[PDB]
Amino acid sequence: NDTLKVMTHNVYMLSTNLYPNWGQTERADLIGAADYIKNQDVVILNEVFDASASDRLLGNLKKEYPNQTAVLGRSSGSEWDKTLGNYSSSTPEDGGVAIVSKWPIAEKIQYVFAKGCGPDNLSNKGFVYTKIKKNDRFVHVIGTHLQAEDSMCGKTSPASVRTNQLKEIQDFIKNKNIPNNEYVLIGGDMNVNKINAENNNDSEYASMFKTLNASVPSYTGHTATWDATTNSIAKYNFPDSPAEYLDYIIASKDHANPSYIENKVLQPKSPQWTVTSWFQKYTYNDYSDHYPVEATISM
């Protein structure tokens, strides 16, 4: 059909040794059985940090998406064709990024970013590069999750670390020498806020595209990807935060140009699940604190 369906979802699967009461094991089952995550070609996952919950989620997704990477930064073995950048076996947490596909994966590279900030500096953040074979066409998908806005960053502003990380992605793409007739897609939680910024040419939002040499997609669906006013987990953690637009799937302008590319923010609600936290009982109807972004690429 000349249509690629790529989805990205930050799934809030924090390690159960630090954040034990967040329904990780249960949400792995709910997500695996959910409707919204069906019918895609490729799904990018962020925040699959918890060992068990993530194996279980990746295991539930095996039926529709049997071609899978390992989780970024969890190992450096032969599950990866190559491991690049500042990878370290001693930093406590992995990078939380995995890519799953219905189509065979010809090549799997992990890259760990050089610079980090605050708690992210204990992480192994980066990107996962995949080259995917979809009917005699090769498409390239980079899945990432950039430095978060953190108070504990210090004199290092988080925006400046993100600019660095984006340059790392772009240099990897430039020196990968990918034919300009193939599609190069970059997806994930970029931690760069579209809201109130889509009309300033010097915003961090406008710079992201310039730094990646990437085109601006068309936007449909909900107006925020992280939204304390509609989402039960984000309301619990940050009841008075304004809504943020942080998650993206975008195409490199130096390679194949789509006839169109759409980013649609979905708002699916899960079955009720409940947790006990600080002696009180809480019930949620969300899969995660982020909403998923479904991208449609017309090739």
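Numbering starts at 1 and follows the sequence shown.
Is the mean CA B factor in the deposited entry higher across 280-288 or across 14-22? So the stretch with the higher mean C-alpha B-factor is 14-22.
- Quick one: higher average CA temperature factor, 41-49 or 226-234? If you average the C-alpha B-factors of 226-234 and of 41-49, the larger mean comes out for 226-234.
If you check the C-alpha B-factor for each of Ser218, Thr144, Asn200, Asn193 in the entry, which is highest? Answer for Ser218, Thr144, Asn200, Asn193: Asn200, with the highest C-alpha B-factor.
If you check the C-alpha B-factor for each of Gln110, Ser78, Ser101, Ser160 in the entry, which is highest? If I rank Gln110, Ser78, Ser101, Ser160 by C-alpha B-factor, first place goes to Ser78.
### Task
Comparing against every modelled residue in the chain, figure out the third that the C-alpha B-factor of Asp247 lands in (lowest, middle or highest).
Lowest third, going by the recorded CA B-factors of the chain.
With respect to C-alpha B-factor, does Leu185 fall in the lowest, middle or highest third of the chain as deposited? According to the entry, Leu185 has a C-alpha B-factor in the chain's lowest third.
| query | Compared with the other modelled residues in the chain, in which third is the CA B-factor of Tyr87? | reply | According to the entry, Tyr87 has a C-alpha B-factor in the chain's highest third.
For this session: Consider only the C-alpha atoms of the modelled residues in this chain, order them by B-factor as the entry records it, and name the third containing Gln170: lowest, middle or highest.
Result: It falls in the middle third of the chain.
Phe138, C-alpha B-factor rank within chain (lowest, middle or highest third):
For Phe138, the deposited C-alpha B-factor lands in the highest third.
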